[PDB]
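A single chain comes next, written as structure tokens; it is the form solved without its partner chain.
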């Protein structure tokens, strides 16, 4: 009869999944597949927990998740024959590399005779309609984007959650060896080293996401504490699709009327849509050269300075603590991202924003390709009509004067008083000795003179924008 596959990539959830809902209709069998292809261990652990949660939720419906390793263009032809498939569904991917992959798979599926169901559910709106309304090009200012959104039609209701009623007569063929053939692998099974690993600060999955949403909405009814990961934080769940942006939007509206909302209510989701809209028609969005919206800047090439930044060994505790929290947990505060991005690019190291993007792509759980690239251009003054220097000592000191953020992520500095915790090289030798941390030995000296470096770099950027004008 009619055998369907729903292909999970993003949208790792059973709620608000219109592609999966439409795939199930009229189908006699359904199989949900995830296909495993610069990704760090925290990202992999989050994804694997998403799949684990997906699998457990499908088992409640007497189904399972099918995890396959391979290239989709190799794998789907085999699957189409093995399972006699005539129906394939995906959530639409607006990002240019995902667009490219999906057009190839659609071609393969058509040749095989498989119909392809594509549904928008990872963004609030159809990005093509926003671009058409703005005249064929995405807006490069948030204000114009807000003007476009406010003209759009009201958001339709989120798709019905995949339940037993929705499934109807559809079923999943099961085998007793399913885990051996198609199980969700562990990190070690992928070859990752997990010896140092601690329990995840950000456990993946739709169940965690929906639990966090309820608690977030109840609570809603920077500062030193806000630097720490929040139990009600939602951005990794949005990036992976564990939490629908449309469901979040609808819950926010509901909360507002219980307590004509302004768009700033939806600012977290709208800012995400903005960068997705900017990226979708730009295949060079993640590059400087050949990118039509990116200012050409002669960035320095310095692998050693780049490695010090990436690994949190700059000798600036504020910067190093942030980069350490990012590496250990996969999330840092919005304003912390400003601090380290400025240090790497226009502020201190004059290193290309492309290098920062690569590091965040490995480490940052909530950093979608479109948002990561757009953000690094934004904060390096390379696009979005942006023309701007954070201080790598003062910024931390003002935000967490007692320095407990530093002591949490750089324990070698714990003995230092608050007076020197953000600039330990200024501490007298006796204080360094009773803290048992000599600067330049147990913790590195500052890699750059900030005042000299920032002053020169401000001049360089000013010359760039004088050349532009």
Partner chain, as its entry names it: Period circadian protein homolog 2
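Numbering follows the first chain given and starts at 1.
Same protein, other form: the form deposited with its partner chain bound, not shown, and the subject of what follows.
- Its partner chain in the entry with it bound is not approached by residue 46, whose heavy atoms all lie more than 4.5 angstroms from it.
- In the entry with it bound, its partner chain stays beyond 4.5 Å of every heavy atom belonging to residue 265.
- In the entry with it bound, residue 250 stays away from its partner chain, with no heavy atom inside 4.5 Å.
- Residue contact check for residue 311: one or more of its heavy atoms lie within 4.5 Å of its partner chain in the entry with it bound.
- The candidate spot formed by 386, 461 and 467 is fully in contact with its partner chain in the entry with it bound: every one of the three has a heavy atom within 4.5 Å.
- With the partner left out here, its partner chain still marks one of 84 to 92, 357 to 365, 279 to 287, 100 to 108 in the entry with it bound; by a 4.5 Å heavy atom cut-off that stretch is 357 to 365.
- Although its partner chain is not shown here, in the entry with it bound the stretch 290 to 319 places heavy atoms of 292, 293, 294, 295, 296, 298, 300, 302, 303, 304, 305, 306, 307, 308, 310, 311, 313 within 4.5 Å of it, in sequence order.
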